[PDB]
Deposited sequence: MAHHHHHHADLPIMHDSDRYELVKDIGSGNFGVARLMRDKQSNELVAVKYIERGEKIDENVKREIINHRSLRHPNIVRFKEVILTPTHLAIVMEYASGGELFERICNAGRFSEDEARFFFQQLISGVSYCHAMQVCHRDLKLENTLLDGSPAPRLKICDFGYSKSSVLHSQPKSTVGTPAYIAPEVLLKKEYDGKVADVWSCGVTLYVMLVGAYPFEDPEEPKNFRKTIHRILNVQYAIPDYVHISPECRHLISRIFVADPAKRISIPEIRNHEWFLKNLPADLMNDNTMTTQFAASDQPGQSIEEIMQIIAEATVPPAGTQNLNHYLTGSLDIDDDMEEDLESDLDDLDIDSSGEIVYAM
């Protein structure tokens, strides 16, 4: 059983109740029990349950209550990465590298599990105290999510939008995700989103994105290999943009790369970190009753 602690805000503009077990913190999302418990909600849970990468926010369990169906998720006790960088400064090239390796390991895994682009929402990066680990891909993140969402009238972090998302009508989603990773790397190193600055002037930000007009300021001193990786990622033409496997073989990435993050197959990740499907199915059944 768990004990109420707070009501924090979720990842993609959502709501959750922070609770506590073990001395472990958990994030619990809820969903109106009145037969909102379709087939969309079942597949989406079982899907997310199959995602076992340590840098993915992972499904813990599902509890039935008189009010709703409770979705217990793993909690990111470090919070949002950007809000971190703000009240702590830009990270060093070595701290940035640590986390970037984790991201790529995670993105790579998600891509392999068929999860990407708007299903993965890389604008949302979280941190957790329990390596440090950066954590992506929370429950209410898919395009077809049954989880309630309340996005703003204006888009939050447009820098994450790859130019081909604005420019073309057909493009690879996994490759658009590379650009996003670039954005996450830049913010870690500089302490500010790249193509943006007066902020919230979308005209200027979009202008800079489309012309890939960024500038690493002088107060930030980073190696030439790092600047190269960034220049290889921030290219408007998807076809000339560096790929994930290519990133995995780049010098900057390879330096101080731990052994476990040298994982090819997706099935050794699953065994690496190791509630039953019958339990989940039994509870979603009892959940259709208001």
Got a list of the deposited-sequence ranges with no coordinates?
1-18, 40-41, 151, 219-220, 298-301, 318-361
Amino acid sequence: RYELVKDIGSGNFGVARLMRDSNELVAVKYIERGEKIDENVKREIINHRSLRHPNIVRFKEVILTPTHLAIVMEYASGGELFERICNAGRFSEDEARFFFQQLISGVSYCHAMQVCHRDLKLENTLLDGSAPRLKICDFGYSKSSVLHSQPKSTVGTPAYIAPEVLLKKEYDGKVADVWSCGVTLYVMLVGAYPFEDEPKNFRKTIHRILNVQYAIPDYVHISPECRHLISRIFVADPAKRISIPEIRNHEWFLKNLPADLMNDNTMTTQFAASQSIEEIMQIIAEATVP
From here on, numbers count along this sequence of modelled residues.
Comparing 71-79 with 105-113, which has the greater mean CA B-factor as deposited?
71-79
The stretch carrying the higher mean Cα B factor in the deposited entry, 255-263 or 235-243, is 255-263
Could you say whether, by C-alpha temperature factor, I216 belongs to the lowest, middle or highest third of its chain?
middle
Splitting the chain's C-alpha B-factors into thirds, which one does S144 fall into?
highest
State the tercile, meaning the lowest, middle or highest third, of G182 with respect to the CA B-factors recorded for its chain.
lowest
Modelled-residue ranking by C-alpha temperature factor, third containing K200
highest
Splitting the chain's C-alpha B-factors into thirds, which one does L229 fall into?
lowest
